Each structure stands twice: as structure tokens, then as C-alpha cells.
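Next up: just one chain, as C-alpha cells, the form deposited in one PDB entry.
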């Protein structure tokens, strides 16, 4: 079952040995494999592996499975860990990040820098489909597996776009393709602070690839199309909202435990923000507008101090409990003991 962590070496080396079939001077090949080995190890290891665990479990509890068929599923499982590694490198470039899984972000290393990092997220991304071909080309589900990766990816790209631009000038007129020189001054848009817009962003940014895709993958590989998928997809949207709100909470509340340091500085629409904005006073809205989305520690400190004043922790647990219950309620209306066993177990182990 969770031996999964051991087959990592063979899926990474399967792809490295494909690179090594290229017509290149033997000296270049040694430099190529040395660089890309560190690219895969540095950025795929060190996670909780929840999304990969999720595939292996759904595969087993939809359900007698020989060792040849566990190889195909462990490949899907690592393909989703690779997929998150490629999201991490991109996010850390995009969000001017500093620390990830308690190491320097990949793009900050002066031996790689941005130029290499941008090129590396596309290598990692494409390595997924190569692994999928190498291990599943002859399955009946091959075309649908790669269509689920492609479509889940598209959705989280759109979700990443919204997360980055929800507050920007071009969403409050016309993109000026002649301005390379007046850098927009980031500012909140009070008209966008609400949960309708939050769920739109976070469903797309989190729920499809962290939950819909690993489940649907585990089920396409087992043999299932059926009207159960749409019920799985609704639970997914609930677990994605529930996971992202927890992630927003962690951003402001310990880097040693989370492994990261940024949402106020980066002018993001977050749960702590929409919470504060509905309960605070009219003076307090003016301070939020004035200080949100700057790099001043003084401006961040103002926003953090407001989050304590209004005790947003207490509100979080209120949300967490009510939502945990809404997910369990949604799992039980699914009518499938095996998959219901995986989702409940996952719901317990999501943050550990």
C-alpha cells in the first residue's frame, strides 16, 4: 500500500534514462543527468505526499491486484507529486517566494535562478506525460488519464491567474501594451472581497488537482462515464475550499512547521481578509485598504494586528468544524463504502 515512497527511484530514473537516449556528447549527458537528478529530488521529495497517497488508496478500495498493476498506479501517484513539484517552482517564482519545504526555493539558488526555473517547470510538467506513456500506453484508460491531467492543469492555471490578478487595475479600460515603465501600485478592490469570488478562485486553484484528479485517476485505472463522478466532483470542491482556507490560516499563523514564510505583501484575496472585512468597522476598512498589499513590515504589521483584534483564529475553528461536517455529510450521500473509507481517512490526515 503506502510502500509508494520506495518506487520513486525507478520512476525518476525511467525518465532520466529517456533523456540519456538523446544524441549528445557523452560529456554533456553526464552534465544533463546530474542537473536533472537534483531537479527531481530537490523538488519532489519532502512533501506529505497526500495527493499520491490518495491515488494508491482509491485504486485499492474501488479494488485482487498483482505487482504489475501496482506499478502502473504508483506511476500515476508519482505523476501527481511531480505535478505538484512543477506547481511549487512556478508559484515560488510567481509569488516571489523564499522558503519551500524548509529549503530555499528552487529559483533562488544562484546556480539555477529564474531563467532555469522557468525552463524547469516545463520539463517537470512534460515528464509526467512521458512517464504516463512509458507505463500506461497500452491500457484502455490511457487517453482519458492524460485528458484528466490536461484538464485539471488548465483549471488550476485559470485559478492561479485569478488568484494573482483579482485586485489588479485591469479588473477595475484596456491593457496598455505600451506601458513597460509605470509599475502598477497594488491596491485592494472592496468590490471583490466576498466568498462568492473566493470559492471561484480556490476551487480552480486547489480542488481539481489536489482532489478531483487523484481520485479520478485512481478510478480510471481500476475500471469505471458513471454518474458517481459528478458526486465525487462536488466533494472535491468542498475539500479544496476546506484545504485552501486552512492554508490561508497557516500563512499568517509558523515557518518551522509549515516550511514556508506572504499573502498580505502579495495582495491576495484570503479567508482572513474576507472575514475581517465583514465584521470590522468603517474606520477599519480604511486601514485595510491603505496597508494591504505593500512590502512595508509596518503595513503588514497593521494587517496582522487587525487579525488579532478581531480574533480570526476563533473564526477559523468555527469554519473548520462546520465545514468538516459538511464534507462528511457529503461523503455519506455517495453510496460506496470503499471510496467513502478513503475520503474519511483523508479528511482526518489532510493536515499532517
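Numbering follows the first chain given and starts at 1. By rigid core we mean the largest C-alpha set that fits within 1.5 Å across both forms.
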**Prompt:** At least a third of the other compared entries leaving residue 41 unmodelled, is that the case?
**Reply:** no
**Request:** Tell whether, across the other compared PDB entries, at least a third have no coordinates for residue 64.
**Result:** yes
**Complete:** Unresolved deposited positions lying between residue 279 and residue 280 come to none
**Request:** Please count the deposited residues lying between residue 224 and residue 225 that the model leaves without coordinates, and give the class: none, 1 to 3, 4 to 9, or 10 or more.
**Result:** 1 to 3
**Prompt:** Per the entry, where is the mean C-alpha temperature factor higher: 321 to 329 or 284 to 292?
**Reply:** 321 to 329
**Message:** Quick check on the record: does 32 to 40 or 301 to 309 carry the larger mean Cα temperature factor?
**Reply:** 301 to 309
**Complete:** Scanning 258, 160, 119, 244 for peak Cα temperature factor in the entry gives 258
**Prompt:** From 114, 153, 270, 185, which pick has the Cα B-factor that tops the rest in the entry?
**Reply:** 185
**Request:** Consider only the C-alpha atoms of the modelled residues in this chain, order them by B-factor as the entry records it, and name the third containing residue 101: lowest, middle or highest.
**Result:** middle
**Asked** For residue 248, does the deposited CA B-factor place it in the lowest, middle or highest third of the chain?
**Response** middle
**Item:** Modelled-residue ranking by C-alpha temperature factor, third containing residue 190
**Value:** highest
**Chain-relative CA temperature factor third for residue 334** = highest
**Request:** Just say lowest, middle or highest third for the CA B-factor of residue 230 relative to the other modelled residues in its chain.
**Result:** highest
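What follows is about the form deposited in another entry, which we do not show.
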**Asked** Just one of 298, 45, 38, 289 has a C-alpha that shifts by 2 Å or more between the shown form and the other one on a rigid core fit; which is it?
**Response** 298
